[PDB]
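This report refers to the structure that appears directly beneath it.
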Amino acid sequence: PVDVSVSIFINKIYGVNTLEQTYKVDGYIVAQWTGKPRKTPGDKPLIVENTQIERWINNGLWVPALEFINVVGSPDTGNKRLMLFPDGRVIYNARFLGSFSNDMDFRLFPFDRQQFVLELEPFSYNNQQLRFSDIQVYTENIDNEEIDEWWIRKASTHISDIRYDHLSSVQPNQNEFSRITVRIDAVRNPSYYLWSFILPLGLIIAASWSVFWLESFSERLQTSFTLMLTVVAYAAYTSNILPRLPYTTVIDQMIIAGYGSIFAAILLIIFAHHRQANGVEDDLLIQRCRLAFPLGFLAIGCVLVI
Amino acid sequence: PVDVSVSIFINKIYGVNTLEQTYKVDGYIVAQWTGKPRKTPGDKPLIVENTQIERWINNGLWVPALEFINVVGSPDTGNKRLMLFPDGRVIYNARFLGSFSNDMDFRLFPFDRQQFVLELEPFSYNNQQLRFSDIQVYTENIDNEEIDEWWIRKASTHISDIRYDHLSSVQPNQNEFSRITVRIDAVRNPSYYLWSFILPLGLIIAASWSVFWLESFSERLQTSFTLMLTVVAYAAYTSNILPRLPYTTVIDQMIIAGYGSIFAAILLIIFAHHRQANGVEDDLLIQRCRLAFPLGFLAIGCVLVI
Amino acid sequence: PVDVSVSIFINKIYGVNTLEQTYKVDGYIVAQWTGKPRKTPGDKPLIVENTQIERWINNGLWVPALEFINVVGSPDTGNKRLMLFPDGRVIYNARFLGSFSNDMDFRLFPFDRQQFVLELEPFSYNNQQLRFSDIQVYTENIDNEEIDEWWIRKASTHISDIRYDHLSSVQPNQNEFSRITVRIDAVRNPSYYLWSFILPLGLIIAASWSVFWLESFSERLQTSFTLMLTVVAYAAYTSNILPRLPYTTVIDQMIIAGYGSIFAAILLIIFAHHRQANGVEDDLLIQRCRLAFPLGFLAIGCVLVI
Amino acid sequence: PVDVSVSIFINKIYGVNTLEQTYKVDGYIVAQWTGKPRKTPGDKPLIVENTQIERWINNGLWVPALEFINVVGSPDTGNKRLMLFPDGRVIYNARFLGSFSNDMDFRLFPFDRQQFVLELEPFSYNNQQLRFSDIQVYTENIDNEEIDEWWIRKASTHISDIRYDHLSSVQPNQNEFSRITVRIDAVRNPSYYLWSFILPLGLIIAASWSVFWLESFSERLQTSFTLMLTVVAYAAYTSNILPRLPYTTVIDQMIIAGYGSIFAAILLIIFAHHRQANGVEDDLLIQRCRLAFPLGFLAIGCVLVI
Amino acid sequence: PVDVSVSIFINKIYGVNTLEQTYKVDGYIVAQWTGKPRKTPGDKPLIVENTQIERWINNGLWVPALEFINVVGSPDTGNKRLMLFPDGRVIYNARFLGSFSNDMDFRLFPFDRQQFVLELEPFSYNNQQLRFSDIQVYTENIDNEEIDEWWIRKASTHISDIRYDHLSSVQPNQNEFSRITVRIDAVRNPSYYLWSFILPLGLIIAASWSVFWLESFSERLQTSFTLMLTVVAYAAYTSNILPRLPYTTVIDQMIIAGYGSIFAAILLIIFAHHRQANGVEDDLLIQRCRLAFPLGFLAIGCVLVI
């Protein structure tokens with residue numbers, strides 16, 4: 001059972017694709033294992049670069065294919081490098097850029113709690129064990145977090161053994177491969193969305209209610225039709241700029257709320273008026289519920305967060 | 001007639017392209033067949049990885065080219081692997097990611113009933129039979145379906161023989177290739193569209209009718225012009241965010257309905273008024289059809305679903 | 001002069017790019033010609049697949065490069081295959097996906113009459129004649145045309161000889177290559193555009209005129225400003241969803257019409273009023289031209305289609 | 001100093017990228033030079049196609065690398081072809097598709113005067129002279145110009161010598177490479193923009209002024225607020241469909257003009273009214289400047305074109 | 001310690017991707033170092049072009065892999081070229097196009113101060129020193145800056161030594177690689193954004209205030225609802241055309257300001273009216289604060305720039 005030591009260097013995690021639950025990772029992979037001692041020119045280790053590596057394979061030099069279990073597509077491999085030591089051991093170092101997959105929940109969108117994952121595992125080797133895994137998130141935590149879209153925490157390794165129940169016609173015990181699993185926790189940067197979506201959406205819902213401080217009945221009603229048109233004009237601006245998803249986010253709900261608030265008002269206003277015993281006996285208290293549901297909406301809103 | 005045993009491992013079905021009727025599939029293919037026993041170093045099976053396989057072909061080792069009948073483009077092949085057994089048999093294993101085609105009907109868009117298909121078939125072999133086909137949809141049915149865009153059911157195999165009537169100048173019987181056909185049934189997740197499109201669209205159509213609870217004639221009419229402008233502002237928001245298609249979906253019809261409801265009203269309102277024997281004799285009952293077509297629209301709507 | 005027999009199998013014609021006059025074609029190409037008889041292992045034809053073909057070339061086996069005259073870019077080649085017969089003849093079969101060009105006129109957009117073309121021609125061979133060309137449009141005419149964007153008719157071949165006047169320093173007669181030209185005629189599916197663009201645009205133009213059935217002068221005018229705003233809100237929805245072009249379509253003109261109809265009304269309304277001999281002597285007949293240009297617009301519209 | 005004769009065949013110039021000042025060019029390149037006579041099989045010229053050319057290089061056959069100085073990226077090379085003559089001379093022919101750069105000024109957008117350029121130049125050869133350059137714009141001038149976005153004129157060659165002041169540690173005179181420069185002049189097709197942007201934008205500015213033919217003061221003012229909202233609704237439609245740039249076009253200015261015209265009116269209207277010696281003494285002439293700046297706007301507009 | 005002399009020729013810096021903090025760079029790289037003198041055919045330097053270089057490597061000729069530390073992906077390499085001198089020294093010249101990364105702050109968007117950076121560094125060599133670095137920004141400073149999106153200043157080099165604390169199991173001192181760092185300072189072109197966003201946004205905020213010069217109370221309020229709808233209609237036009245970011249820009253704030261100004265007015269107007277001791281005693285001074293916050297907004301605005 002060959003012992004391999006992997007070292008992943010994360011350089012940048014970007015381009016999150018909300019719909020496909022994808023994110024790009026740029027970094028380097030380093031694998032080290034020991035082989036039958038070799039005669040290296042001079043004596044100091046031999047450095048084999050790109051094109052050359054493929055040659056050394058054709059001459060027996062074995063090199064284990066380490067797959068990225070959770071990769072969408074196939075990584076963009078940069079510079080490959082083989083460092084051959086005289087005492088046997090071999091060190092493989094290559095830079096990569098790939099798109100990884102993982103279960104991502106964007107229900108609370110504006111305030112996300114996501115976690116980026118890598119999953120290494122020998123493509124075709126039952127007894128080729130992954131010794132120790134080390135990840136260098138040499139990125140800067142409290143650096144300039146208000147410049148980048150996501151804020152992080154700290155790395156997280158975890159080696160394990162995966163058992164497949166439908167392999168080759170093998171029975172003895174060939175069905176356990178060692179898988180390195182890296183995890184990075186990150187939180188989304190609320191800022192932008194608060195000051196450009198939540199806030200103004202609120203001022204719209206607020207000024208929405210000021211339709212009650214209108215005297216006439218026609219004014220009270222005809223104005224909420226211009227108010228309806230405003231929430232639609234907003235849902236457009238919101239949608240054209242927000243990430244498409246299969247489910248509704250928080251913001252998606254604030255928009256529904258704005259739709260109900262205005263439909264509620266429409267009902268009250270066309271109720272207050274025709275709920276009479278004459279013709280214009282608008283219930284002085286209902287027509288003056290200018291403070292009834294404006295705060296009664298912070299009660300329906302503080303129950304959806306409970 | 002060589003016997004081949006295929007095994008498809010579906011890992012993720014994503015990126016559905018409504019307009020081109022495309023969808024992406026990530027997984028592995030495993031093909032097994034038996035050949036003339038061989039002398040493998042040691043004795044335990046020989047493992048040939050990437051670069052190497054192409055070499056073994058140049059030395060006679062045959063490997064059937066298995067085409068993906070319904071693939072748009074050419075699959076993104078990851079790690080290839082040849083496992084050569086001493087008793088002959090050969091096992092080919094490779095990871096792939098490709099875009100597949102299939103007839104997709106999106107008439108009832110918000111509520112779709114689609115089915116993802118794969119179609120394997122030897123690219124150039126008449127008598128090379130596909131033995132047994134197995135698919136491991138090791139994805140989780142009732143897991144977190146309210147996180148993913150589509151909900152599934154269960155795999156579905158089916159081997160068969162395809163007959164081409166215009167092949168080489170061959171007559172005997174060379175015109176029957178065996179094709180593996182995999183089918184996966186899936187249903188779209190209505191949620192999002194209901195709570196962010198259907199609902200608010202209804203509140204717009206509802207409050208649309210409240211144009212009748214207006215006293216004056218000018219108010220009753222001039223307001224439906226702001227109401228018209230509202231449905232348009234909605235069709236914009238809807239279109240910019242929904243999947244472009246060559247035909248109309250359900251939502252596309254609700255939008256037409258909102259257009260007709262407002263045009264109907266426009267006709268009634270400019271009828272009730274000028275349908276007099278004086279000048280302002282607005283038919284007290286028609287001007288008060290505030291409950292005539294609001295429910296008479298649930299009759300025109302429940303006949304389109306019949 | 002080598003005789004070559006081509007057979008094109010169109011599998012799907014999609015992704016029309018209005019602006020670049022591009023369209024994608026997926027299918028297979030089959031070329032057959034006869035060479036100096038060969039000794040094939042066994043005796044039955046020899047099958048050379050992908051990688052291998054490039055090898056047989058290096059050993060003399062000649063294979064003519066057949067260019068796709070009208071291809072934007074370079075086709076996405078799938079599986080290549082050489083079938084070598086003992087009696088000489090060679091059969092080349094490969095699957096392709098490319099983007100083709102052609103002059104496309106989208107003037108009557110909603111109702112297009114386009115034609116998809118392919119153009120094969122030996123890249124570097126003067127006397128290498130293309131024998132017979134056959135195209136298998138094994139797609140289904142009256143199948144589910146109301147599911148696909150385009151409706152077709154039937155294939156259409158045509159071999160010819162092209163003469164270039166500026167080739168190599170050759171004089172004898174080297175300047176005539178044989179070009180296969182395939183043509184497929186198609187018509188666009190009006191549906192969607194009628195029920196989602198033409199119709200509602202008409203209800204807007206119709207209800208546009210009902211600005212005359214208003215009593216006051218201020219109402220008659222101030223209302224047409226909200227009517228103007230409506231046609232603009234529509235041109236936005238239309239444009240964001242329709243295909244960008246360098247010229248105006250039919251729909252683009254109906255939009256101009258709605259702009260003139262409203263500007264015409266603006267003139268009449270601000271004429272009828274101030275065309276007096278007092279101050280409010282609104283020409284009873286002009287102010288009541290509620291049926292003058294509404295049908296007088298079907299006369300200006302039925303002359304643009306003449 | 002090797003004499004090379006180049007021949008560029010422009011097939012289609014499309015996809016202009018306003019922001020990056022890019023445009024795509026499809027065509028063929030033909031380079032001819034004479035070498036040490038060779039023994040060609042048979043005697044008639046030898047035809048070397050794709051894969052093969054790379055082989056002949058490995059056997060000494062030299063082939064000058066001709067770079068495309070102004071190419072963004074790297075051309076999409078199609079079919080390559082080497083025609084080797086017995087008398088020495090070699091003819092290189094290959095089809096290409098690349099993205100080229102050039103300084104493009106879109107200040108007068110609707111009416112552009114641009115020029116597409118190509119720039120060939122030996123990548124690594126001081127004394128390898130480019131003999132004669134010929135371009136076949138075998139496209140059709142007055143053909144169907146009202147179908148294509150751009151209208152042309154006629155080709156334009158020009159060979160020259162470029163001097164680099166910072167090359168290798170060479171002094172003698174190695175610093176002059178011959179560069180072929182092709183230029184094609186083209187004009188944009190105004191049509192669409194006039195009938196779908198300029199015209200309707202004018203009818204909006206025109207009907208804008210008719211806010212003066214209103215009696216009351218409140219009507220005269222409150223209506224220009226719906227007029228303001230209209231120009232904005234237009235800038236949206238315009239922007240979403242027009243090409244993003246770093247500077248303002250003509251249309252971009254007409255939109256500013258419409259903004260000023262309405263702000264001007266806002267000032268006059270709120271001046272005429274409060275510029276009294278009572279309360280409602282609206283200067284009969286100013287309130288009746290219904291023809292003052294409507295034509296006084298054709299004076300401010302005919303000075304921006306002077 | 002091999003001495004290498006690099007020379008970077010920047011040809012064009014374009015395609016800034018605000019969200020990913022990326023920018024494209026086209027140019028050539030030139031690396032020179034001296035090796036063991038060689039016998040070159042003739043005597044004058046040997047020119048090795050593309051395909052060939054890979055060959056000379058297989059025959060020992062070493063070529064250091066120089067990585068682009070801050071590259072997203074992997075550069076698009078054009079023509080490679082090896083110039084081998086008899087006296088040893090080797091000169092590597094290749095054209096590239098890659099996407100580079102760097103921290104970019106777009107807080108003051110309309111007026112940006114950004115800096116484009118390149119970072120070279122030997123991929124696998126501890127003692128391979130980079131001698132002198134030279135960059136030829138042979139672009140034209142005060143040329144046509146009002147045609148390009150960005151304005152520059154002047155190049156800026158800087159060689160240094162980077163120390164990695166987690167390399168191979170090496171202790172002596174193998175952990176210091178030499179890195180070339182190029183920096184180019186650039187400023188964004190405000191123009192467009194001023195005349196198409198800032199200006200018209202101001203005329204909207206300006207004319208926003210003229211809601212005070214309205215007599216009635218209903219007019220003063222109902223008009224600000226059409227004014228609100230106007231700022232939203234603007235945020236839409238702005239957003240669809242501006243670069244998506246995770247934070248708010250200057251323009252994003254002017255939009256918030258217009259939202260507050262109108263919400264402020266809404267409060268005042270619904271205060272002035274109901275802040276009585278009767279019913280319509282609108283505080284003659286407050287209702288006439290037509291000059292209170294219009295200039296009192298230039299005070300809140302000149303404190304956000306302080």
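Residues are named by chain letter and number: chains run A, B, ... in the order of the structure tokens, numbers start at 1 in each chain, and ligands are numbered from 1 in the order shown.
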
What are the residues of chain A lining chain C at 12 Å or less? Count only C-alpha atoms, and put the answer as a PyMOL selection string. chain A and resi 226+229+233+236+240

Any chance you could export the current selection's C-alpha atoms as a PDB file, in the first residue's frame?
```
ATOM      1  CA  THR A 226     -49.642  53.728  -9.419  1.00  0.00           C
ATOM      2  CA  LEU A 229     -47.061  49.671 -10.875  1.00  0.00           C
ATOM      3  CA  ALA A 233     -41.184  48.167 -11.865  1.00  0.00           C
ATOM      4  CA  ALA A 236     -38.008  43.979 -12.758  1.00  0.00           C
ATOM      5  CA  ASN A 240     -32.594  41.552 -13.961  1.00  0.00           C
TER       6      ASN A 240
END
```

Applying 9 Å and only C-alpha atoms, which residues near residue 93 (chain D) remain after dropping the ones on its own chain fewer than 6 positions away? List them as a list in words. residues 124 of chain C; 28, 29, 30, 31, 32, 79, 80, 81, 82 and 83 of chain D

Expected answer as a PyMOL selection string: strand (DSSP E) residues in region 136-304 of chain D: chain D and resi 150-151+159-163+176-188

Give me, please, the distance in Å between CA of residue 74 (chain C) and CA of residue 94 (chain C), quoted to one decimal.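 Straight-line distance from CA of residue 74 (chain C) to CA of residue 94 (chain C) works out to 14.3 Å.
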
Extract, using only C-alpha atoms, all DNA, RNA and protein residues at most 8 Å from residue 45 (chain B), discarding same-chain residues fewer than 6 positions from it, and format them as a list in words.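 Here the qualifying residues turn out to be residues 83, 84, 85 and 86 of chain B.
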
Would you write out those residues with C-alpha atoms, as a PDB file, in the first residue's frame?
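Generated output (selection.pdb):
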```pdb
ATOM      1  CA  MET B  83      -7.987  -2.770 -16.519  1.00  0.00           C
ATOM      2  CA  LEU B  84      -6.516  -5.839 -18.308  1.00  0.00           C
ATOM      3  CA  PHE B  85      -7.133  -9.239 -16.729  1.00  0.00           C
ATOM      4  CA  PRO B  86      -4.938 -12.324 -17.344  1.00  0.00           C
TER       5      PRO B  86
END
```

Residue set, region 101-219 of chain B restricted to helix (DSSP H, G or I), as a CSV table (one decimal) with N, CA and C atoms, in the first residue's frame:
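Output saved as states-v9.csv:
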```csv
chain,number,residue,atom,x,y,z
B,109,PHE,N,-44.9,24.8,-19.0
B,109,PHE,CA,-43.7,25.3,-18.3
B,109,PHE,C,-43.7,25.2,-16.8
B,110,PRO,N,-44.4,26.1,-16.1
B,110,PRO,CA,-44.4,26.1,-14.6
B,110,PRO,C,-44.4,24.6,-14.1
B,111,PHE,N,-45.2,23.8,-14.8
B,111,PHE,CA,-45.3,22.4,-14.4
B,111,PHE,C,-45.0,21.5,-15.5
B,191,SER,N,-42.8,25.6,-7.1
B,191,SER,CA,-42.6,26.6,-6.1
B,191,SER,C,-42.3,28.0,-6.6
B,192,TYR,N,-41.0,28.3,-6.8
B,192,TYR,CA,-40.6,29.7,-7.3
B,192,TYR,C,-41.5,30.4,-8.2
B,193,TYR,N,-41.9,29.7,-9.3
B,193,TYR,CA,-42.8,30.4,-10.2
B,193,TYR,C,-44.2,30.7,-9.7
B,194,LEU,N,-44.7,29.9,-8.7
B,194,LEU,CA,-46.0,30.1,-8.1
B,194,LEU,C,-45.9,31.4,-7.2
B,195,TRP,N,-45.0,31.3,-6.3
B,195,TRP,CA,-44.8,32.4,-5.3
B,195,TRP,C,-44.2,33.7,-5.9
B,196,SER,N,-43.7,33.7,-7.1
B,196,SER,CA,-43.1,34.9,-7.6
B,196,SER,C,-43.6,35.4,-8.9
B,197,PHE,N,-44.4,34.5,-9.5
B,197,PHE,CA,-45.0,34.9,-10.8
B,197,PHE,C,-46.5,34.7,-10.8
B,198,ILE,N,-46.9,33.5,-10.6
B,198,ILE,CA,-48.4,33.2,-10.6
B,198,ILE,C,-49.1,34.1,-9.6
B,199,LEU,N,-48.7,34.1,-8.4
B,199,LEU,CA,-49.3,34.8,-7.3
B,199,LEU,C,-49.4,36.3,-7.6
B,200,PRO,N,-48.3,37.0,-7.5
B,200,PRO,CA,-48.3,38.4,-7.9
B,200,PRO,C,-49.0,38.7,-9.2
B,201,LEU,N,-49.0,37.9,-10.1
B,201,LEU,CA,-49.7,38.1,-11.4
B,201,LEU,C,-51.2,38.2,-11.1
B,202,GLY,N,-51.7,37.3,-10.2
B,202,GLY,CA,-53.1,37.2,-9.8
B,202,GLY,C,-53.5,38.5,-9.0
B,203,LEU,N,-52.7,38.9,-8.1
B,203,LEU,CA,-53.0,40.1,-7.3
B,203,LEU,C,-53.1,41.3,-8.2
B,204,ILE,N,-52.4,41.2,-9.4
B,204,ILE,CA,-52.5,42.3,-10.3
B,204,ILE,C,-53.8,42.2,-11.1
B,205,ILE,N,-54.2,41.0,-11.4
B,205,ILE,CA,-55.5,40.8,-12.2
B,205,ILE,C,-56.7,41.1,-11.3
B,206,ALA,N,-56.5,40.7,-10.0
B,206,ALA,CA,-57.6,40.9,-9.1
B,206,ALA,C,-57.8,42.4,-8.9
B,207,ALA,N,-56.8,43.1,-8.3
B,207,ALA,CA,-56.9,44.5,-8.1
B,207,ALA,C,-57.2,45.2,-9.5
B,208,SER,N,-57.1,44.5,-10.6
B,208,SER,CA,-57.4,45.1,-11.9
B,208,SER,C,-58.9,45.4,-11.9
B,209,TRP,N,-59.7,44.5,-11.5
B,209,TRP,CA,-61.1,44.6,-11.5
B,209,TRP,C,-61.7,45.7,-10.5
B,217,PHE,N,-66.9,58.5,-14.3
B,217,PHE,CA,-66.7,57.7,-15.5
B,217,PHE,C,-65.2,57.8,-15.9
B,218,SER,N,-64.7,59.1,-15.8
B,218,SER,CA,-63.4,59.4,-16.2
B,218,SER,C,-62.4,58.6,-15.3
B,219,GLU,N,-62.7,58.5,-14.0
B,219,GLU,CA,-61.9,57.8,-13.1
B,219,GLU,C,-61.9,56.3,-13.5
```

Env of region 139-149 of chain D: 8 Å cut, atoms = only C-alpha atoms, seq-sep filter 6 positions within chain, self excluded. Answer as a list in words.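 In the requested form, the answer reads residues 104, 105, 246 and 247 of chain C; 11, 12, 188 and 189 of chain D.
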
Residues at most 10 Å from residue 260 (chain E), counting only C-alpha atoms, excluding those fewer than 5 positions away in the same chain, as a short mmCIF file (atom, residue, chain, number, x, y, z; two decimals) with N, CA, C and O atoms, in the first residue's frame?
```
data_model
loop_
_atom_site.label_atom_id
_atom_site.label_comp_id
_atom_site.auth_asym_id
_atom_site.auth_seq_id
_atom_site.Cartn_x
_atom_site.Cartn_y
_atom_site.Cartn_z
N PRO A 200 -34.10 50.59 -0.14
CA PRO A 200 -35.09 51.21 -1.04
C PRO A 200 -36.41 50.43 -1.18
O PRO A 200 -37.45 51.05 -1.40
N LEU A 203 -38.42 51.64 1.68
CA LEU A 203 -38.95 52.99 1.51
C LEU A 203 -40.14 52.99 0.56
O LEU A 203 -41.00 53.86 0.62
N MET E 228 -41.84 59.10 -7.48
CA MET E 228 -41.20 57.93 -6.89
C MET E 228 -40.99 56.89 -7.99
O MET E 228 -39.91 56.32 -8.15
N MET E 254 -26.43 58.17 -5.28
CA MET E 254 -27.25 59.26 -5.80
C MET E 254 -28.68 58.73 -5.95
O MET E 254 -29.65 59.44 -5.73
N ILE E 255 -28.79 57.43 -6.25
CA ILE E 255 -30.06 56.81 -6.42
C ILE E 255 -30.76 56.70 -5.07
O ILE E 255 -32.01 56.89 -4.99
N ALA E 265 -39.85 64.68 1.23
CA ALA E 265 -40.97 65.50 0.74
C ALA E 265 -42.32 64.89 1.14
O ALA E 265 -43.25 65.59 1.54
N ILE E 266 -42.44 63.58 0.96
CA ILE E 266 -43.66 62.89 1.32
C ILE E 266 -43.99 63.17 2.77
O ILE E 266 -45.13 63.46 3.11
#
```

Long-range neighbours of residue 221 (chain C) as a PyMOL selection string, 12 Å cut-off, only C-alpha atoms, 4 positions minimum in chain: (chain B and resi 222) or (chain C and resi 208-217+225-228+262-273+287) or (chain D and resi 207-208+210-215+219-220+223)

If we count only C-alpha atoms, what is near residue 113 (chain D) at a cut-off of 10 Å, once residues fewer than 5 positions away on the same chain are taken out, given as a list in words?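 My reading of the contact set: residues 104, 105, 106, 107, 108, 150, 185, 186, 187 and 188 of chain D.
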
Those same residues, written as a short mmCIF file (atom, residue, chain, number, x, y, z; two decimals), in the first residue's frame with N, CA and C atoms?
```
data_model
loop_
_atom_site.label_atom_id
_atom_site.label_comp_id
_atom_site.auth_asym_id
_atom_site.auth_seq_id
_atom_site.Cartn_x
_atom_site.Cartn_y
_atom_site.Cartn_z
N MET D 104 -11.46 52.45 -33.02
CA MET D 104 -12.77 52.72 -33.57
C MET D 104 -13.46 53.83 -32.81
N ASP D 105 -13.92 54.84 -33.53
CA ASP D 105 -14.59 55.99 -32.92
C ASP D 105 -16.09 55.90 -33.19
N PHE D 106 -16.90 55.71 -32.15
CA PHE D 106 -18.35 55.61 -32.33
C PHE D 106 -19.11 56.83 -31.82
N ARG D 107 -18.47 58.00 -31.91
CA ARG D 107 -19.07 59.25 -31.44
C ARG D 107 -20.40 59.55 -32.13
N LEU D 108 -20.45 59.44 -33.45
CA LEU D 108 -21.67 59.73 -34.18
C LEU D 108 -22.48 58.46 -34.41
N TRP D 150 -23.43 46.70 -42.27
CA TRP D 150 -22.45 47.65 -42.79
C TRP D 150 -22.38 47.72 -44.32
N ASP D 185 -12.81 50.27 -45.79
CA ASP D 185 -13.65 51.34 -45.23
C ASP D 185 -15.09 50.94 -45.27
N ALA D 186 -15.80 51.22 -44.20
CA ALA D 186 -17.23 50.87 -44.11
C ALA D 186 -18.09 51.93 -43.38
N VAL D 187 -19.36 51.98 -43.74
CA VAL D 187 -20.28 52.90 -43.11
C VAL D 187 -21.43 52.15 -42.52
N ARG D 188 -21.89 52.60 -41.35
CA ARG D 188 -23.00 51.95 -40.67
C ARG D 188 -24.34 52.26 -41.36
#
```

In Å and to one decimal, CA of residue 7 (chain B) is distant from CA of residue 92 (chain B) by 10.1 Å

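Coordinates place CA of residue 224 (chain C) at a distance of 17.3 Å from CA of residue 274 (chain C).
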